[PDB]
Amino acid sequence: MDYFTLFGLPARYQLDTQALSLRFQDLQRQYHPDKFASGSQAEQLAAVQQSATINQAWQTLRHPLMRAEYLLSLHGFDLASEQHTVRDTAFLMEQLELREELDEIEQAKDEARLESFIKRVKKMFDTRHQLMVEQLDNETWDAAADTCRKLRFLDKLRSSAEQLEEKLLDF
């Protein structure tokens, strides 16, 4: 939970990324290499390591999904694991249906349908993201973790569709 404490923030999903940046930079200055240029190698190294820690904490807290995954790790969840899969079986089937549709859109080379598909997936990502935030606020950790896993699946679907768009018509 130290990542939050480091930035003097409460362990919650809601936070000011703007205020987070100013504090991250304040901390970062403390470990600027010039401050230890005249020091031993162990000193210069330690500064590098502390700098690394500050950056790991900042990256984790700044990223919406990483921030949620971190918060959940403080409550017995390891979203990094693989043996722990999505419990919402309907969601798995939904993702396969949507992917089969994307393949059809590709075969038809339909730009308008692809644009629509992309926006619809992005909208669902935003809606499920809102649901996760609500679940974290409600402190229903199990539910929040499953939604977080769903968001990871949706993000990949979204990125795959956007990659297709940059090609679609084929020359």
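Start at 1 and count along the sequence shown; that's the residue number.
Stretches 126-134 and 111-119 differ in mean C-alpha B factor, with the higher average recorded for 111-119. Once the C-alpha B-factors are averaged per stretch, 64-72 and 34-42 rank with 34-42 first. Across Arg158, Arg23, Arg12, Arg152, the entry's maximum B-factor at the CA atom is seen for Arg23. Among all modelled residues in this chain, the alpha-carbon of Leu79 has a temperature factor (C-alpha) in the highest third. Among all modelled residues in its chain, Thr140 ranks in the lowest third by Cα B-factor.
Sort the modelled residues of the chain by CA B factor and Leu102 lands in the lowest third.
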